[PDB]
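Take a look at this single chain, the form deposited in one PDB entry, given in structure tokens.
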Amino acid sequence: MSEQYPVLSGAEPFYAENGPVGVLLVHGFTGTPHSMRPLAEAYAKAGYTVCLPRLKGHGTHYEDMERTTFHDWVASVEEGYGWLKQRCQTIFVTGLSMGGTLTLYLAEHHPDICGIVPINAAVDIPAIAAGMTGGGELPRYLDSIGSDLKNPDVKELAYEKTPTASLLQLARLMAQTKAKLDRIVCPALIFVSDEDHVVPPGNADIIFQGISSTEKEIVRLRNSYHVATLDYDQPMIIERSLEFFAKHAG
């Protein structure tokens, strides 16, 4: 790591080695493993080997984030997939928002993957930096708007500023991912928050149409905003995913 700053408390990765079925969990662009930990812990308790990496540049400081490329984030996820592949003979991938993009990405590169569970995955965002920069303002940083989360008793540990260099990287990742949806053939379970105010719910439909997966479904989350893994629909996400995992374990 060319990471210059230490890991925030609560942002540590999580590994657990249980049975031969594995789940890789991928957190999002602003966030840290915190947003995915309740899922990871529930899947580990159900008997799954679980890998929840901390993406390079995340969970430290926004300056660390600034120098990373999407290639670094892919590498973090690839190394998590590799850790799982050593230990498991069945692999599922799930992730929130950008972690959903990275989940799609990984499925495109490894069809040995037995299934994917993207949640509010980002594939085509019109408002990249919705009204902080124009095409030629080019501030270094945009102030972050806060968490799009309904439940007020939980929180994200995401940075307060987003490097605009990182947004460029994110747009490039979404392009290479959306372009290659047809490469995905494993079972897909697609969560979408009706009231996502960050990633347009229509991304669900683009994912659904673009993959060549024969077993695919869209599940609507009615009581959650964008950060659904921490929101009121958390238990529903966990219970439906567990059902998904069991029914496709190989």
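Residues that one form lacks are left out of the comparison. Only the largest set of C-alpha atoms that superpose within 1.5 Å between the two forms is called the rigid core. Sequential numbering from 1, following the sequence displayed.
Below, we refer to the form deposited in another entry, which is not included among the displayed structures.
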item	value
Displaced position between the shown form and the other one, chosen from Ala171, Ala165, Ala129, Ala75 (C-alpha, 2 Å or more, rigid core)	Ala129
Cα separation of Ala179 and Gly131 in the other form versus here, shift of 3 Å or more	closer
Direction of C-alpha distance change in the other form, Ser147 to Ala130 (at least 3 Å)	farther
Shifted regions of at least three residues between the shown form and the other one, judged by C-alpha displacement of 2 Å or more after core alignment	129-136
